[PDB]
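What follows is the content of my_file-v3.txt, which has compact mmCIF, C-alpha atoms:
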```txt
# COMPACT_ATOMS: atom_id res chain seq x y z
CA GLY A 1 -88.09 50.48 31.56
CA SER A 2 -90.98 52.10 33.38
CA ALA A 3 -94.57 50.89 33.67
CA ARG A 4 -95.93 53.80 31.66
CA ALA A 5 -93.49 53.13 28.80
CA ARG A 6 -94.52 49.45 28.55
CA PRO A 7 -97.67 48.05 26.88
CA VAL B 1 -109.71 79.89 14.34
CA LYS B 2 -106.96 77.28 14.51
CA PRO B 3 -103.58 77.29 16.27
CA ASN B 4 -100.30 77.25 14.38
CA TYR B 5 -97.96 75.38 16.70
CA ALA B 6 -94.47 75.26 15.21
CA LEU B 7 -91.48 73.24 16.41
CA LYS B 8 -89.05 75.35 18.43
CA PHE B 9 -86.71 72.92 20.22
CA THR B 10 -85.87 69.22 20.40
CA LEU B 11 -84.50 68.24 23.86
CA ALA B 12 -82.22 65.19 23.72
CA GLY B 13 -80.54 63.50 26.64
CA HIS B 14 -82.72 60.79 28.11
CA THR B 15 -81.31 57.34 27.26
CA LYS B 16 -84.62 55.42 27.42
CA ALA B 17 -88.25 56.27 26.74
CA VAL B 18 -89.53 59.54 28.17
CA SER B 19 -92.60 58.93 30.36
CA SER B 20 -93.96 62.32 31.46
CA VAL B 21 -93.30 66.03 30.93
CA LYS B 22 -94.78 68.82 33.05
CA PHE B 23 -94.30 72.57 33.14
CA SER B 24 -93.64 74.28 36.44
CA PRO B 25 -96.58 76.37 37.68
CA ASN B 26 -94.45 79.55 37.46
CA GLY B 27 -93.76 78.81 33.77
CA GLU B 28 -89.96 78.82 34.08
CA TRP B 29 -89.23 75.12 33.70
CA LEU B 30 -90.11 71.84 32.07
CA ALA B 31 -89.47 68.67 34.05
CA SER B 32 -89.18 65.33 32.23
CA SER B 33 -89.16 61.85 33.74
CA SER B 34 -87.93 58.70 32.02
CA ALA B 35 -87.58 54.95 32.03
CA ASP B 36 -83.85 55.79 32.40
CA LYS B 37 -84.57 56.52 36.11
CA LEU B 38 -83.76 60.23 35.74
CA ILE B 39 -85.59 63.53 35.99
CA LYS B 40 -84.34 66.35 33.82
CA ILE B 41 -85.07 70.09 34.16
CA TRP B 42 -85.08 72.33 31.06
CA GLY B 43 -85.81 76.01 30.44
CA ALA B 44 -89.35 76.36 29.15
CA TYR B 45 -88.61 79.28 26.86
CA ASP B 46 -85.13 78.56 25.42
CA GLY B 47 -85.10 74.78 25.93
CA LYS B 48 -81.74 74.98 27.71
CA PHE B 49 -80.83 71.95 29.81
CA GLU B 50 -80.63 72.86 33.49
CA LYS B 51 -79.91 69.75 35.52
CA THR B 52 -80.40 66.03 36.08
CA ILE B 53 -82.03 64.71 39.25
CA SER B 54 -81.33 61.09 40.17
CA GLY B 55 -81.88 58.53 42.90
CA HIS B 56 -84.73 56.24 41.88
CA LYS B 57 -83.44 52.76 41.41
CA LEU B 58 -85.88 51.78 38.64
CA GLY B 59 -87.64 53.77 35.93
CA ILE B 60 -90.05 56.64 36.50
CA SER B 61 -93.62 56.75 35.14
CA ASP B 62 -94.70 60.25 36.27
CA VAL B 63 -93.51 63.50 37.80
CA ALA B 64 -95.34 66.49 39.20
CA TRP B 65 -94.58 70.00 40.52
CA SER B 66 -95.59 71.63 43.81
CA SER B 67 -97.65 74.78 43.42
CA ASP B 68 -94.70 77.03 44.32
CA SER B 69 -92.52 75.30 41.66
CA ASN B 70 -89.98 74.44 44.40
CA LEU B 71 -90.60 70.69 44.78
CA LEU B 72 -91.15 67.76 42.49
CA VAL B 73 -92.64 64.38 43.23
CA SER B 74 -91.91 61.32 41.12
CA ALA B 75 -93.54 57.89 40.81
CA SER B 76 -91.32 54.89 40.13
CA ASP B 77 -91.30 51.18 39.31
CA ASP B 78 -89.25 50.88 42.50
CA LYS B 79 -92.63 51.07 44.42
CA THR B 80 -91.78 54.52 45.87
CA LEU B 81 -92.42 58.14 45.25
CA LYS B 82 -89.66 60.65 45.92
CA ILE B 83 -90.03 64.32 46.86
CA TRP B 84 -87.21 66.42 45.43
CA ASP B 85 -85.89 69.88 46.17
CA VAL B 86 -85.62 71.34 42.66
CA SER B 87 -82.98 73.91 43.60
CA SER B 88 -80.55 71.43 45.21
CA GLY B 89 -81.55 68.27 43.38
CA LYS B 90 -81.72 66.45 46.70
CA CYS B 91 -84.27 63.80 47.58
CA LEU B 92 -86.05 65.19 50.62
CA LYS B 93 -88.42 62.31 51.26
CA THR B 94 -89.01 58.76 50.03
CA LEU B 95 -92.70 57.76 50.20
CA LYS B 96 -92.97 54.03 50.94
CA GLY B 97 -96.09 51.88 51.15
CA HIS B 98 -97.26 50.93 47.68
CA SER B 99 -96.65 47.24 46.96
CA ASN B 100 -96.23 47.51 43.16
CA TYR B 101 -95.19 50.07 40.54
CA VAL B 102 -96.25 53.64 41.27
CA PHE B 103 -97.74 54.92 38.05
CA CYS B 104 -99.06 58.42 38.58
CA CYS B 105 -98.81 61.29 41.07
CA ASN B 106 -99.85 64.86 41.78
CA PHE B 107 -99.71 67.52 44.46
CA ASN B 108 -102.88 69.23 45.61
CA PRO B 109 -103.12 72.99 45.00
CA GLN B 110 -102.25 73.75 48.64
CA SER B 111 -99.30 71.39 48.03
CA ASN B 112 -99.56 69.91 51.53
CA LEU B 113 -100.70 66.54 50.08
CA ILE B 114 -99.58 64.21 47.30
CA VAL B 115 -101.87 61.68 45.67
CA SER B 116 -100.50 58.56 43.98
CA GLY B 117 -101.89 55.65 42.00
CA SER B 118 -100.27 52.27 41.61
CA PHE B 119 -100.32 48.89 39.90
CA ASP B 120 -101.35 47.65 43.36
CA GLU B 121 -104.86 49.04 42.54
CA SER B 122 -104.79 51.60 45.38
CA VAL B 123 -104.77 55.36 45.57
CA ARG B 124 -102.65 56.75 48.40
CA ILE B 125 -102.76 60.22 49.99
CA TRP B 126 -99.48 61.43 51.55
CA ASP B 127 -98.47 64.25 53.87
CA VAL B 128 -95.84 66.29 52.04
CA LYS B 129 -94.29 67.70 55.22
CA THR B 130 -93.75 64.36 57.02
CA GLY B 131 -93.92 61.84 54.18
CA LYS B 132 -96.48 59.78 56.08
CA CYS B 133 -99.19 57.99 54.17
CA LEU B 134 -102.42 59.44 55.53
CA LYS B 135 -104.92 57.26 53.62
CA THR B 136 -104.94 54.21 51.39
CA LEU B 137 -108.04 54.08 49.21
CA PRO B 138 -109.09 50.70 47.76
CA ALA B 139 -109.82 52.61 44.65
CA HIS B 140 -109.91 50.15 41.77
CA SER B 141 -109.72 46.52 40.77
CA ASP B 142 -106.80 46.90 38.32
CA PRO B 143 -103.84 49.30 37.94
CA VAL B 144 -104.59 52.98 38.56
CA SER B 145 -103.61 54.98 35.48
CA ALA B 146 -104.16 58.53 36.66
CA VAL B 147 -104.88 60.63 39.78
CA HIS B 148 -105.65 64.35 39.91
CA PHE B 149 -106.90 66.94 42.38
CA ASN B 150 -109.54 69.51 41.44
CA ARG B 151 -108.94 73.27 41.81
CA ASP B 152 -109.46 73.50 45.57
CA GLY B 153 -108.08 70.05 46.42
CA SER B 154 -111.40 68.88 47.86
CA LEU B 155 -111.81 66.15 45.22
CA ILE B 156 -109.58 63.53 43.63
CA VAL B 157 -110.36 61.86 40.33
CA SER B 158 -108.83 58.48 39.55
CA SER B 159 -108.93 56.23 36.51
CA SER B 160 -108.12 52.57 35.99
CA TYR B 161 -107.71 49.65 33.60
CA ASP B 162 -110.79 48.33 35.40
CA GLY B 163 -112.85 50.60 33.16
CA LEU B 164 -113.91 53.07 35.85
CA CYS B 165 -113.40 56.71 36.68
CA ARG B 166 -114.04 57.58 40.31
CA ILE B 167 -114.43 60.83 42.23
CA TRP B 168 -113.24 60.84 45.84
CA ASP B 169 -113.75 63.23 48.74
CA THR B 170 -110.18 64.14 49.74
CA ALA B 171 -110.97 64.76 53.40
CA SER B 172 -112.81 61.50 54.10
CA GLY B 173 -111.57 59.24 51.33
CA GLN B 174 -115.12 58.25 50.41
CA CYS B 175 -116.15 57.67 46.83
CA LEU B 176 -118.63 60.29 45.70
CA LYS B 177 -119.18 59.14 42.11
CA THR B 178 -118.40 56.29 39.70
CA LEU B 179 -118.50 56.88 35.95
CA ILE B 180 -119.22 53.65 34.06
CA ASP B 181 -119.26 52.52 30.43
CA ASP B 182 -121.09 49.34 29.43
CA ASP B 183 -118.19 48.18 27.23
CA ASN B 184 -115.78 48.85 30.16
CA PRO B 185 -112.77 49.87 28.02
CA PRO B 186 -109.68 50.61 30.13
CA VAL B 187 -109.52 54.23 31.21
CA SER B 188 -105.95 55.27 30.58
CA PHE B 189 -106.03 58.89 31.69
CA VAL B 190 -108.19 61.38 33.50
CA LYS B 191 -107.89 64.93 34.81
CA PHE B 192 -110.12 67.77 35.94
CA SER B 193 -110.66 70.80 33.71
CA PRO B 194 -108.91 73.95 35.00
CA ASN B 195 -112.17 75.11 36.62
CA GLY B 196 -112.94 71.71 38.15
CA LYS B 197 -116.43 71.29 36.67
CA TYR B 198 -115.53 68.65 34.04
CA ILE B 199 -113.23 65.67 33.68
CA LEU B 200 -111.38 64.66 30.54
CA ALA B 201 -111.01 60.87 30.29
CA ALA B 202 -109.08 58.77 27.80
CA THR B 203 -110.04 55.17 27.08
CA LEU B 204 -107.98 52.56 25.19
CA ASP B 205 -110.44 52.59 22.31
CA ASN B 206 -108.91 55.64 20.62
CA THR B 207 -111.32 57.99 22.39
CA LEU B 208 -111.21 61.03 24.68
CA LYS B 209 -114.33 62.22 26.47
CA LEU B 210 -115.35 65.34 28.31
CA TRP B 211 -117.70 64.51 31.19
CA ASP B 212 -119.86 66.60 33.47
CA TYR B 213 -119.16 64.21 36.31
CA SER B 214 -121.89 65.38 38.71
CA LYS B 215 -124.61 64.76 36.11
CA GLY B 216 -122.74 61.74 34.79
CA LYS B 217 -123.18 63.07 31.26
CA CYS B 218 -120.65 62.85 28.47
CA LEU B 219 -120.64 66.30 26.84
CA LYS B 220 -118.00 65.83 24.14
CA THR B 221 -115.95 63.13 22.44
CA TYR B 222 -112.66 63.56 20.61
CA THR B 223 -111.42 61.00 18.07
CA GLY B 224 -108.98 60.62 15.16
CA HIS B 225 -105.87 59.75 17.18
CA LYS B 226 -104.58 56.26 18.03
CA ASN B 227 -104.67 55.09 21.63
CA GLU B 228 -105.11 51.37 22.30
CA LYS B 229 -102.08 50.48 24.41
CA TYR B 230 -100.48 53.28 26.41
CA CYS B 231 -101.55 55.65 29.16
CA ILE B 232 -101.09 58.89 27.22
CA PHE B 233 -101.45 62.27 28.96
CA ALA B 234 -104.04 64.68 27.58
CA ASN B 235 -104.60 68.34 28.45
CA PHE B 236 -106.78 71.37 28.37
CA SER B 237 -105.05 74.26 26.63
CA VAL B 238 -106.51 77.59 27.74
CA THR B 239 -103.82 80.28 27.21
CA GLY B 240 -105.12 81.03 23.73
CA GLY B 241 -107.96 79.26 21.99
CA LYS B 242 -109.66 76.54 24.04
CA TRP B 243 -108.21 73.23 22.87
CA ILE B 244 -107.82 69.63 23.89
CA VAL B 245 -104.26 68.33 23.38
CA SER B 246 -103.16 64.69 23.41
CA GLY B 247 -100.35 62.42 22.34
CA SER B 248 -101.02 59.49 19.98
CA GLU B 249 -99.66 56.10 19.09
CA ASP B 250 -99.21 57.22 15.48
CA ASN B 251 -96.36 59.48 16.68
CA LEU B 252 -98.40 62.74 16.38
CA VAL B 253 -99.67 65.38 18.76
CA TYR B 254 -103.41 65.95 18.23
CA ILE B 255 -105.14 69.25 18.96
CA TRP B 256 -108.93 69.59 18.92
CA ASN B 257 -111.31 72.49 19.30
CA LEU B 258 -112.80 71.76 22.73
CA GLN B 259 -116.29 72.94 21.79
CA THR B 260 -116.65 71.77 18.20
CA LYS B 261 -114.58 68.58 18.57
CA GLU B 262 -112.84 69.19 15.22
CA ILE B 263 -109.18 68.36 14.89
CA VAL B 264 -107.46 71.69 14.33
CA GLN B 265 -103.81 70.64 14.19
CA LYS B 266 -101.56 67.56 14.13
CA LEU B 267 -97.91 68.05 15.10
CA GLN B 268 -95.49 65.87 13.18
CA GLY B 269 -91.89 65.07 14.03
CA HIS B 270 -91.69 62.47 16.78
CA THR B 271 -90.59 58.96 15.72
CA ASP B 272 -92.40 56.95 18.35
CA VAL B 273 -95.58 57.03 20.42
CA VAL B 274 -96.14 60.47 21.89
CA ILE B 275 -96.73 59.30 25.50
CA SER B 276 -96.89 62.73 27.09
CA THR B 277 -97.97 66.28 26.31
CA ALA B 278 -98.12 69.31 28.57
CA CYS B 279 -99.46 72.84 28.09
CA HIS B 280 -97.62 75.87 29.44
CA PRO B 281 -99.50 77.80 32.17
CA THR B 282 -99.32 81.24 30.50
CA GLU B 283 -97.85 80.99 26.95
CA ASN B 284 -99.18 79.05 23.93
CA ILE B 285 -96.47 76.42 24.32
CA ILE B 286 -96.80 72.62 24.16
CA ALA B 287 -94.24 70.12 25.35
CA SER B 288 -94.41 66.61 23.92
CA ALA B 289 -92.35 63.50 24.50
CA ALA B 290 -92.02 60.07 22.99
CA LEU B 291 -91.08 56.46 23.69
CA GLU B 292 -87.91 54.41 23.10
CA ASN B 293 -87.39 54.86 19.35
CA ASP B 294 -87.35 58.61 19.88
CA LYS B 295 -86.46 59.51 23.51
CA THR B 296 -86.74 63.27 22.86
CA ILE B 297 -88.95 66.08 24.13
CA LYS B 298 -90.17 68.70 21.68
CA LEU B 299 -91.28 72.26 22.50
CA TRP B 300 -93.83 73.89 20.20
CA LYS B 301 -95.15 77.46 20.11
CA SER B 302 -98.35 78.97 18.63
CA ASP B 303 -99.71 82.45 18.17
CA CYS B 304 -103.07 81.28 19.62
```
In structure tokens, how does this file's structure come out?
Amino acid sequence: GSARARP
Amino acid sequence: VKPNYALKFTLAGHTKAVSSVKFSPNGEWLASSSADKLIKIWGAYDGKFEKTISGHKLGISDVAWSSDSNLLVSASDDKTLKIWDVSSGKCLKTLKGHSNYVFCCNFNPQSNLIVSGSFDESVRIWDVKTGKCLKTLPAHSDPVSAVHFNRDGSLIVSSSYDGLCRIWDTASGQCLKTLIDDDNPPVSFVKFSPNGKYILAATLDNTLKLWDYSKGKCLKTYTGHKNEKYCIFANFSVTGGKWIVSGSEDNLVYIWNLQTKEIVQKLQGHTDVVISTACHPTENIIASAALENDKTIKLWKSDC
């Protein structure tokens, strides 16, 4: 994933 | 007066969530970055896929163009930024020094510097030519969600989960202003207006605000969208009517009248959180992109 796409 | 954005293209090809889309300053291209560790380049006007750029070893949270549209910089969970030659696809530089995920990045207008923000709570300023880190700013007390230069590069604005927006003097690295809210909601996005006099700031309480940052006065608020969880890009649209554009966690693109604060359009069609929107530099074109249940980019066009 990527940090921006994770809550 | 309201825009009439209509869907023109859906751009499929990323295999995980899209994280950020940006148009090239010369208007030719859209770049997209993704949790799938890839950058993709697409034609801004016909949506045609151009190329894939790869080399990050973990996912990418942001991408940004140099002012001459020749370079890109990307921010990755692998704790690095990479500078890319768009024409060749080659990684020209790897920017090392953050100690946690790099979340956001931008070139200055001169495009001799890059600014980055990270989960390590710092803002770093990098020399594009050498790749050296010139300054590390102890900017915030929680992850930095956005970084942006103003029109002449003399200021940086940063935002954070710590609830603050800060304005920094690029040359010295000193903090010139802190914008504070008593409820301290996380600030999930910030950027300067095209003229540099205002900042647009998103907070994770479903709210966007337009600030005159020197006076420390909130001039406008925009509501109606859903934003409690993700760092969603928002934009000034100035090629036609003067709008504010944002993604939303209800899978819609929201467009407001900047001055009246009314919602003037909602763009339907994505099937997951619209994490990123971008406005074309010269045409009334919006790019939008969504998270893992969707993974597509959509291009929309309006007559105003």
Q: Please measure the separation of CA of residue 49 (chain B) and CA of residue 273 (chain B), giving the value in Å to one decimal.
A: 23.0 Å
Tell me, counting all atoms listed in the file, for each residue of region 222-280 of chain B within 12 Å of chain A, which pair of atoms is nearest and how far apart they are in Å to one decimal, in rows ordered by chain and increasing number, as JSON lines.
```
{"residue": "B:227", "atom": "CA", "partner": "A:7", "partner_atom": "CA", "distance": 11.2}
{"residue": "B:228", "atom": "CA", "partner": "A:7", "partner_atom": "CA", "distance": 9.3}
{"residue": "B:229", "atom": "CA", "partner": "A:7", "partner_atom": "CA", "distance": 5.6}
{"residue": "B:230", "atom": "CA", "partner": "A:7", "partner_atom": "CA", "distance": 6.0}
{"residue": "B:231", "atom": "CA", "partner": "A:4", "partner_atom": "CA", "distance": 6.4}
{"residue": "B:232", "atom": "CA", "partner": "A:4", "partner_atom": "CA", "distance": 8.5}
{"residue": "B:233", "atom": "CA", "partner": "A:4", "partner_atom": "CA", "distance": 10.5}
{"residue": "B:249", "atom": "CA", "partner": "A:7", "partner_atom": "CA", "distance": 11.4}
{"residue": "B:272", "atom": "CA", "partner": "A:5", "partner_atom": "CA", "distance": 11.2}
{"residue": "B:273", "atom": "CA", "partner": "A:5", "partner_atom": "CA", "distance": 9.5}
{"residue": "B:274", "atom": "CA", "partner": "A:5", "partner_atom": "CA", "distance": 10.4}
{"residue": "B:275", "atom": "CA", "partner": "A:5", "partner_atom": "CA", "distance": 7.7}
{"residue": "B:276", "atom": "CA", "partner": "A:4", "partner_atom": "CA", "distance": 10.1}
```
Q.
For a quick test of understanding: name the residues of chain B lying within 8 Å of chain A when counting only C-alpha atoms, and present them as a list in words.
A.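 Therefore, the residues near the partner are residues 16, 17, 18, 19, 34, 35, 36, 58, 59, 60, 61, 76, 77, 101, 103, 229, 230, 231, 275 and 291 of chain B.
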Q | Straight-line distance linking CA of residue 104 (chain B) with CA of residue 224 (chain B), stated in Å to one decimal | A | 25.5 Å
**Q.** Shortest interatomic distance to residue 129 (chain B) - which of B:156, B:115, B:200, B:92, counting all atoms listed in the file
**A.** B:92
Q) Please, what distance in Å, to one decimal, runs between CA of residue 80 (chain B) and CA of residue 53 (chain B)? A)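 Between CA of residue 80 (chain B) and CA of residue 53 (chain B) the gap works out to 15.6 Å.
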Complete the atoms of chain A to N, CA and C atoms and put them out as a PDB file, keeping the file's coordinate frame.
```pdb
ATOM      1  N   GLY A   1     -86.970  49.773  32.150  1.00  0.00           N
ATOM      2  CA  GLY A   1     -88.090  50.480  31.560  1.00  0.00           C
ATOM      3  C   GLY A   1     -88.888  51.126  32.674  1.00  0.00           C
ATOM      4  N   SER A   2     -90.066  51.629  32.344  1.00  0.00           N
ATOM      5  CA  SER A   2     -90.980  52.100  33.380  1.00  0.00           C
ATOM      6  C   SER A   2     -92.379  51.635  32.995  1.00  0.00           C
ATOM      7  N   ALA A   3     -93.268  51.473  33.980  1.00  0.00           N
ATOM      8  CA  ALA A   3     -94.570  50.890  33.670  1.00  0.00           C
ATOM      9  C   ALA A   3     -95.309  51.718  32.612  1.00  0.00           C
ATOM     10  N   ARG A   4     -95.172  53.046  32.652  1.00  0.00           N
ATOM     11  CA  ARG A   4     -95.930  53.800  31.660  1.00  0.00           C
ATOM     12  C   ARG A   4     -95.380  53.621  30.255  1.00  0.00           C
ATOM     13  N   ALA A   5     -94.093  53.306  30.110  1.00  0.00           N
ATOM     14  CA  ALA A   5     -93.490  53.130  28.800  1.00  0.00           C
ATOM     15  C   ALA A   5     -93.586  51.696  28.281  1.00  0.00           C
ATOM     16  N   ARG A   6     -94.303  50.812  28.981  1.00  0.00           N
ATOM     17  CA  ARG A   6     -94.520  49.450  28.550  1.00  0.00           C
ATOM     18  C   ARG A   6     -95.991  49.241  28.220  1.00  0.00           C
ATOM     19  N   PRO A   7     -96.295  48.393  27.230  1.00  0.00           N
ATOM     20  CA  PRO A   7     -97.670  48.050  26.880  1.00  0.00           C
ATOM     21  C   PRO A   7     -98.255  47.120  27.929  1.00  0.00           C
TER      22      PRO A   7
END
```
